[PDB]
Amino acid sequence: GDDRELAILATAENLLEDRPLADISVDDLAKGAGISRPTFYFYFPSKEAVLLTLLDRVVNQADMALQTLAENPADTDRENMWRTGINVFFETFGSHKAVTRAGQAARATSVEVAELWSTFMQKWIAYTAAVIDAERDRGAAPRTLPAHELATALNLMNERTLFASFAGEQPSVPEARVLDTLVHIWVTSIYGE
């Protein structure tokens, strides 16, 4: 039963690797999931609710991985610690590029997708700023910009640069180089005087 729902989600993710949400119909979803069209509408109100759920699962996966990291300090220098935290996003979203791309194009039209993204971005920026503040309180980072404004720009940078790399946009940082590039900007801007 939760089976049919997972089948629908797995079909949508497979089809989104090939074409946009606009080019996928409810029948394609139903057909791929081994069900009828009215049976589909029982699990989801629309193909957009299917995308909404896929992005929800992707965002919550990253957010949980991040909480795991937070409760379990990695034992390394400062630079590697930022790298590990950014890496959560590089791997989680980079393992679901079709959902990332469609979820981002849907922010322009779907109020729920825009709100879901915006809640989590606020959470990840607040956490980033709490860490920068701890680093300043401990004397490891200088008091330059307002931690929260600095955290806002760096998280926006990552959203745009990661997602450009994953879609292979022109211009974009090659995906093999994007982690190194962002970590350098984060560590210089956070610790640089």
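A residue's number is simply how far along the shown sequence it sits, counting from 1.
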property: Between 145-153 and 37-45 (mean CA B-factor, as deposited), the higher; result: 37-45
property: Segment of higher mean CA temperature factor, 71-79 or 114-122; result: 71-79
property: Maximum C-alpha temperature factor, selected from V26, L54, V131, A62; result: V26
property: Ranked C-alpha temperature factor of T109 among modelled chain residues, by third; result: highest
property: Third of the chain, ranked by Cα B-factor, where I185 sits; result: lowest
property: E17, C-alpha B-factor rank within chain (lowest, middle or highest third); result: highest
property: Third of chain Cα B-factors occupied by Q170; result: highest
property: Ranked against its chain, the third holding the CA B-factor of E159; result: lowest
